[PDB]
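> Pasting a structure below so you can have a look.
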Amino acid sequence: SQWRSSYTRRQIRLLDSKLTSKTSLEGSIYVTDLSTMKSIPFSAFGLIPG
Amino acid sequence: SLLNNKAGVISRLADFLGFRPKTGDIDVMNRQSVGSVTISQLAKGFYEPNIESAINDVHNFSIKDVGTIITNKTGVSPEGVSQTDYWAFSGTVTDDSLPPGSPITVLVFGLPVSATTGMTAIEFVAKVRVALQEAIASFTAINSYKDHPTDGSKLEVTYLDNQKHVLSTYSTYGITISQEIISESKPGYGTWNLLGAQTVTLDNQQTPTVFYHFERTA
Amino acid sequence: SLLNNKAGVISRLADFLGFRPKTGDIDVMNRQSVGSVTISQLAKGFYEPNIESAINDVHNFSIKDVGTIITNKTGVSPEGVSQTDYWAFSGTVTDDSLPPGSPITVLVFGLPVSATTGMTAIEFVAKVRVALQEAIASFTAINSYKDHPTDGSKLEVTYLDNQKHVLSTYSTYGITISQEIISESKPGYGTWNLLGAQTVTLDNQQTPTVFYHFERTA
Amino acid sequence: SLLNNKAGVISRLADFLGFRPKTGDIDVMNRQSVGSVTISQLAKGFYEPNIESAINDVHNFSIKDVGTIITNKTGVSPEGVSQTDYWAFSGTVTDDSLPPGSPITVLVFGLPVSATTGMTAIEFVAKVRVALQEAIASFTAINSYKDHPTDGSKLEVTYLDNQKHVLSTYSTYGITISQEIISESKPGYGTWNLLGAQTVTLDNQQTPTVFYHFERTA
Amino acid sequence: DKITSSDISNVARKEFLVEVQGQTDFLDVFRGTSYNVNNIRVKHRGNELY
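Listed in order, the protein sequences are those of chains J, M, N, L and I. Residue 252 is where the first sequence starts when you use the deposited numbering, and the numbers rise one by one after that. Residue 2 is where the second sequence starts when you use the deposited numbering, and the numbers rise one by one after that. Residue 2 is where the third sequence starts when you use the deposited numbering, and the numbers rise one by one after that. Residue 2 is where the fourth sequence starts when you use the deposited numbering, and the numbers rise one by one after that. Residue 152 is where the fifth sequence starts when you use the deposited numbering, and the numbers rise one by one after that.
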């Protein structure tokens, strides 16, 4: 049996394009052109295998 | 009460931001209060008097039709004047989260400037020139920029509007970014023309007074 | 920073929506900045410079007292002009969530129109007439409407204000609702009167110039 | 849609509150729409047309430069007029959550008034005087106050701005607080000066018409 | 498309580091609810007898 998570949570912060100039980090930083890509794939949030 | 107060806004979009209209305000076509709900926001669903209409009303109020004569004794054309400023830059571009010569973006008074770590203010300004082109190319708040003649670390800056623009000196990435106001902006709108001088002796005056008739050319 | 930024607004109600006042702004009674906090919002608890006061100030600025002479060479009365438009309608009223002839409400440029499924644009317009009456009866953004003379599926529309109104063509329930702008609105406020023509020879001009003195009648 | 509508505002700060700009609006320096995004809010990160710029634009539009001649037949100086009011107070200060003579604060039209339970309106007004000093001392919405000559429970009140101020009568702590409007505020800005009278016979009129030339002294 | 089939019983572990000597009993087993008798589990790291 897995007891999994019991809540936890995620939150993402992206800034667009060069304004970051930096790539996504964990669930901390994300980056993209915001108008270019709708949605999110999430590995973008912190992922743990539950 | 902050609850239903905070309830408030929803949609932002000053179309949709409400306005308590002026009580007994006919100034619109001798009809309705300034900021009264308009068919624009009705189409958008917003049924309340709003900030949008209030701006265009007084806007439509303060705009005299082309060809209107403005008359003064002074003789300054009513036409507005944009503000012109310096942006003083100093230091060397510094990012300790990246190696030297690391391309980064720097927001200069809100203008992104792509620059690599290690650039002094001058090389930083060299990049700032690139951004100011876009600020002109995008025509955002900046009418024009010019390199400071005796300083590479300053830039002569001109704003699109006739409003007054005062900004705060800050230092990012070892680059101090400060605005040095050169020319004050002057109130006015459109393009105006002095017709010429009219000397007028008032009714019981002894002294003839001169007037300057400013037609609106735009 | 968006946190305490988003913290922001609370109560909406542009009374309560803040405004960074103009720095060194005496234009109000030679006293205070435009948009400075007023006893209205103090009574309402809001202690900050606000959007409300900023509108009335420039409003109170752009409104010349009754009887003021506006002078131009052109001769158009300063009085504003409302925009007049067509609303072009097409198709048959269609609701597939209800049987044919199903009374529904249709928002025409934000105006609800009660209509039953199966109505063509004309019968739809027949109902649109009912709503436009209310839009006039409620006096919301619509000064008047008139049936398109040669088309039942269009309606001549007049707006209360002197502002400009541009709306987006959409098709609901098999009814396309589009706005066809007829007359442009013109800037102005109140009721004005041309006094007459004054021919004036400027100081060293050879040519007498004519002026048109517009008194404010309201 | 209210979701992404409600998404909206974030930062409040009408700098950061957006504005749908006027379509095809050159009235700023013959350049950009009113409310267009400015280097102020760019520096602040806000990239959209905003409420801030829209206020200063029409503000900068409705402000005629010093020395400009306003001409009318009537002769009222363009200078604005502040509103002057009475604040009528009644009853005895009452706090049932505290013993009699309990110092409390009372918000009079948003002005805090420190008063102790048991004070009649007069003693309440005696304290109200203290607050009005601050309202003058802080220069918030209140130009001046004066004691009602024949009534201690009323106070003659003057507001900083030239706007119109209408407030709601309320009764707190056994003290009714009501505003009695004395003088209407009049539109205008700055300090103006009548040059004198010009009698003018219009082109084909028989009757000479008099004008009053109002120079801007501030 | 999928055989997820049957059921998964539940094993959890709680180690008791022995102190103080004494300690001839342990109460509540796993804090919530009960132990399931049929399969006895206890170890000295020698795994204790049935």
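In this text, a Cβ means the ideal position worked out from N, Cα and C, and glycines have one as well.
1. Just checking: is the beta-carbon of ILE70(L) within a distance shorter than 8 angstroms of some beta-carbon in chain M?
2. Which stretch, first to last residue, makes up the beta strand (DSSP E) that contains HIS214(N)?
3. Please state the DSSP three-state secondary structure of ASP267(J).
4. Using the C-alpha atoms, what's the distance from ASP162(L) back to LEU18(N)?
5. What residues of chain M sit near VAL201(N), judged by a beta carbon separation below 7 angstroms?
6. Between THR141(N) and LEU112(M), is the Cβ-Cβ spacing less than 8 angstroms?
7. In the DSSP assignment, find the unbroken beta strand (DSSP E) run with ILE182(L) in it and report its ends.
8. Between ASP148(N), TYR171(N), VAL10(N), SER63(N), which has its C-alpha nearest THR159(N)'s C-alpha?
9. Which residues in chain M sit within 8 angstroms of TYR160(N), going by Cβ to Cβ distance?
10. Please compile the residues from chain L whose C-beta is within a distance smaller than 7 angstroms of the C-beta of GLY19(N).
11. Where DSSP assigns a beta bridge to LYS7(M), which residues make up the other side?
12. Along chain M, which residues have their Cβ under 7 angstroms away from the Cβ of residue 1(N)?
13. Would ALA15(M) be called buried (16 or more neighbouring beta carbons within 10 Å of its own) or exposed?
14. Going by alpha carbons, who is nearest to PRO188(L) out of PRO104(L), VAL201(L), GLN84(L)?
15. Within 10 Å of its beta-carbon, does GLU80(N) have 16 or more other beta-carbons around it, so buried, or fewer, so exposed?
16. Note down the Cα distance separating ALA89(M) from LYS273(J), rounded to an integer number of angstroms.
17. So within the segment 74 to 158 of chain N, which uninterrupted alpha helix (DSSP H) runs reach at least 4 residues, ignoring any that extend past its ends?
18. According to a CB-to-CB cut-off of less than 7 angstroms, which residues of the segment 203 to 217 of chain N neighbour chain M?
19. What is the rounded straight-line gap between the Cα of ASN61(N) and the Cα of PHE125(M)?
20. Where does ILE56(L) fall in DSSP's three states?
21. Using 8 angstroms as the limit for Cβ to Cβ distance, is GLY175(L) near chain N?
22. For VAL171(I), count neighbouring Cβ atoms within 10 angstroms of its own Cβ and tell me buried if that reaches 16, exposed if not.
23. Just tell me which of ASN57(N), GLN180(N), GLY46(N) has its CA closest to the CA of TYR190(L).
24. Rounding to the nearest angstrom, what Cα-Cα distance links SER184(L) and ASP86(L) in this structure?
25. Any contact between the segment 107 to 121 of chain N and the segment 130 to 138 of chain N? By contact I mean 3 or more CB pairs, one from each, below 8 angstroms.
26. Whose C-alpha, out of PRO300(J), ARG260(J), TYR281(J), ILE299(J), is nearest the C-alpha of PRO292(J)?
27. Can you pull the DSSP bridge partners for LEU195(L)?
28. Going by beta carbon distance, what residues of the same chain come within less than 6 angstroms of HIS166(M), once the five residues before and after it are set aside?
29. Check whether the segment 99 to 107 of chain L touches the segment 22 to 34 of chain N, taking contact to mean three or more Cβ pairs, one atom from each stretch, closer than 8 angstroms.
30. Helix, strand or coil for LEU43(L), going by three-state DSSP, please let me know.
31. Identify the contact partners of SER139(M) in chain B, using a Cβ-Cβ distance below 9 angstroms as the criterion.
32. Whose CA, out of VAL107(N), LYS74(N), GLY119(N), lies closest to the CA of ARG217(M)?
33. DSSP puts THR72(N) in a beta bridge; with which residues?
34. Could you check where the beta strand (DSSP E) with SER37(M) kicks off and where it finishes?
35. Anything in chain L within Cβ reach of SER186(N), meaning under 9 angstroms, just list it in chain order.
36. Would you call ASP267(J) buried or exposed, if buried means 16 or more other Cβ atoms sit within 10 Å of its Cβ?
Quick look at the numbers:
1. Chain M contact via Cβ: present.
2. Note, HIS214(N): beta strand (DSSP E), 209 to 217.
3. strand
4. Going by the C-alpha atoms only, they are around 19 angstroms apart.
5. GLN199
6. Not in contact: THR141(N) and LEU112(M) (Cβ atoms no closer than 8 angstroms).
7. 176 to 184
8. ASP148(N)
9. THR39, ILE40
10. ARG13, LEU14, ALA15
11. Per DSSP, none; premise fails for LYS7(M).
12. Absent from the model: residue 1(N). The displayed extent of chain N is 2 to 219, so no value can be given.
13. buried
14. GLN84(L)
15. The residue in question, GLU80(N), is buried, as its Cβ has 16 or more Cβ neighbours within 10 Å.
16. 27 angstroms
17. 122 to 135
18. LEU203, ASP204, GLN206, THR210, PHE212
19. Rounded to whole angstroms, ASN61(N) to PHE125(M) spans 46 angstroms at the Cα level.
20. helix
21. no
22. exposed
23. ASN57(N)
24. 6 angstroms
25. yes
26. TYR281(J)
27. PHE215(L)
28. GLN84, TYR160
29. no
30. helix
31. Absent from the structure: chain B. Protein chains present are J, M, N, L and I.
32. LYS74(N)
33. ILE70(M), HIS214(N)
34. Premise fails: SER37(M) is in no beta strand (DSSP E) and is neither H nor E.
35. Here the premise fails: no neighbours, minimum Cβ distance about 12 angstroms.
36. exposed
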